[PDB]
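Novice: Enclosed are the sequence and the experimentally obtained structure.
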Amino acid sequence: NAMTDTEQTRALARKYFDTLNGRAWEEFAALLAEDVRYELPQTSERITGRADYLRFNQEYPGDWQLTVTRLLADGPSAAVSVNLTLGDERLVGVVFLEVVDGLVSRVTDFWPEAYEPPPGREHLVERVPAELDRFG
Amino acid sequence: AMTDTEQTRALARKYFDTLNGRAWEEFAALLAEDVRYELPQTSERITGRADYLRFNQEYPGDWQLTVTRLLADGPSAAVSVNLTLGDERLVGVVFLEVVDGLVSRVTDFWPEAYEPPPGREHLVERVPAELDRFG
């Protein structure tokens, strides 16, 4: 009958992405800590508090879609990669979650984008689309 | 062992310690002979222990890595690192897959710093991340 911290986090991370992708705002808000802290390190942005974070998601323009590609859970921590279609762009997200008392306490979002590789390793690389992660 | 988790945690830790320490024989030894490295952002793939070792050894600059998060989950790991290279500060996120106590798959992401799109100024604070160090 006893669920480990890890399995609780796994279930919660799954629900976070399912309710987010479904724009199921009441259910999404209910899994966030009142003092949830969101960071986008790439842009040096932070959002604090469930109210502001919910608004940020609700006010977000365009028609986006995510599909979870990896989901790791380890104690209170999750790391999740997603394929994102953001408008016309194919993107990847890597999101770190921290869970406290069965609620999402921290969200740290990374949104890596395609880039041209630096020269010097042509002899070691094969150029081919990645197996799971979609930039095209 | 009921799960591979703690074995994966140690292996992921050693992968980064030896890589950062340029301890090449120890680093090579924890790679599968058939290790596959991917950089999905650049659509690059490197296959095999020899070529992957070579990629790491030939990489230029006085790079230094510090692990900021390390999650282990059965045979999988997710690790974030702060990389310093000259004046530049970059962040890596790496997914590892383990087969037979060796690193079998490595998937690197190097998300680049960018300027945020307008429209959320009233909801966001402009402040550097707690753990993740960009220039």
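Specialist: Nice, thanks for sending it over. Residues are numbered from 1 along each chain as shown, chains lettered A, B, ... in the order given.

Novice: use CA for all of it now, contacts and neighbours both
Specialist: Noted.

Novice: Tell me if I'm right that residue A:5 and residue A:77 touch.
Specialist: No: between residue A:5 and residue A:77 there is no contact under C-alpha atoms under 8 Å: 9.2 Å.

Novice: So the two - more neighbours on which side?
Specialist: residue A:77 (23 against 17; other C-alpha atoms under 10 Å in any protein chain shown).

Novice: For the more buried one, grab phi and psi.
Specialist: phi -110, psi 140 (degrees, to the nearest 10).

Novice: Over to residue A:31?
Specialist: phi -90, psi 0.

Novice: What parts of chain A come near chain B?
Specialist: A:39-47, A:52-53, A:55-56, A:72-74, A:77-79, A:94, A:110-117, A:121, A:124-130, A:133-135 (C-alpha under 8 Å from any C-alpha of the partner chain).

Novice: Can you flag which of the residues you listed belong to strands?
Specialist: A:39-40, A:45-47, A:72-74, A:77-79, A:94, A:110, A:126-127 (DSSP state E).

Novice: Widest-spaced pair of the residues you listed?
Specialist: Maximum pairwise distance among those (C-alpha to C-alpha): 40.0 Å, between A:47 and A:126.

Novice: Show me which of those two is the more surrounded one.
Specialist: residue A:47 (24 against 14).

Novice: That one is in contact with residue B:125, isn't it?
Specialist: Yes: with contact defined as C-alpha under 8 Å, residue A:47 reaches residue B:125; the gap is 6.4 Å.

Novice: Report the central residue of chain A.
Specialist: residue A:95 (3.4 Å; C-alpha atoms, centre = their mean).

Novice: Let me see the ranges of the helices in chain A.
Specialist: Along chain A, the segments classed as helices by DSSP state H run A:5-21, A:25-30, A:50-58.

Novice: Mean neighbour count, those: which tops it?
Specialist: helix A:5-21 (a mean of 18; mean count of other C-alpha atoms under 10 Å in any protein chain shown).

Novice: Counting by contacts, list what it packs against.
Specialist: Using 3 or more C-alpha pairs under 8 Å, 6 or more residues apart in numbering or on different chains; DSSP states H and E, the elements in contact with helix A:5-21 are helix A:25-30, strand A:64-74, strand A:77-86.

Novice: winner for burial among the ones you listed?
Specialist: strand A:77-86 (a mean of 22).

Novice: For it, give me every contacting residue.
Specialist: For strand A:77-86, contacts defined as C-alpha atoms under 8 Å, 6 or more residues apart in numbering or on different chains pick out A:6, A:9-10, A:13, A:62-73, A:90-99, A:133-134, B:71, B:78.

Novice: now do stretch A:50-64
Specialist: A:23, A:25, A:29, A:32-36, A:38, A:47, A:84-87, B:120, B:123.

Novice: gap between stretch A:101-119 and the chain center?
Specialist: 7 Å (C-alpha atoms, centre = their mean, to the nearest Å).

Novice: List the buried residues in that stretch.
Specialist: A:102-114 (16 or more other C-alpha atoms under 10 Å in any protein chain shown).

Novice: same deal with stretch A:39-49?
Specialist: In stretch A:39-49, counting by 16+ other C-alpha under 10 Å, buried: A:39, A:40, A:41, A:42, A:43, A:44, A:45, A:46, A:47, A:48.
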